[PDB]
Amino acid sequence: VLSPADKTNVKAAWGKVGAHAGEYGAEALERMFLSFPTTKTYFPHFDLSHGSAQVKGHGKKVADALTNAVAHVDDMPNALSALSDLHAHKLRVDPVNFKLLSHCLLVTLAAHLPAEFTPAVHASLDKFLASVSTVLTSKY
């Protein structure tokens, strides 16, 4: 359960990220693959080297999913239903892996938004990413 304050915090961070979102999405993916190499197994047809056009393009998709969650934060289960089906049924994504990506997403925000990554906003973001992760693992 995200609080009203959590909602405004997340919205504010999102707003400050601005048009970098897609690029930050790609960065979070890279940080994930390098830090937690087991996750790479899910992208065997992707070239995952630095500068990969595939990782770039995919990061925008990931960012786009997250902003859609932010914009419909009061009904994430509905907004992310198609994506939750994909991740559980088709991809069979291990639930642990959502924690790994969520951490990389926080790191990325932290490395880019010094003013916004306060302890409070950090808490709000972590809750937001845990809720998104809960939805995306709700369909096994």
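Only the largest set of C-alpha atoms that superpose within 1.5 Å between the two forms is called the rigid core. For every residue, the number given is its place in the sequence shown, counted from 1.
In 6 other deposited structures of this protein, superposed by the rigid core, the C-alpha atoms of 85 to 93 lie farther from the shown form than the other of 85 to 93 and 62 to 70. In this entry, 14 to 22 has the higher mean Cα B-factor, the comparison being between 14 to 22 and 128 to 136.
On average the C-alpha atoms of 111 to 119 have higher B-factors than those of the other stretch, with 25 to 33 and 111 to 119 being the two compared. The PDB entry gives the largest Cα B-factor of the residues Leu105, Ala69, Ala88, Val96 to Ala88. Per-chain ranking of the deposited C-alpha B factor places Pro77 in the highest third. In the PDB entry, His45 places in the highest third of its chain by CA B-factor. Ranked by Cα temperature factor within the chain, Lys60 sits in the middle third according to the deposited record.
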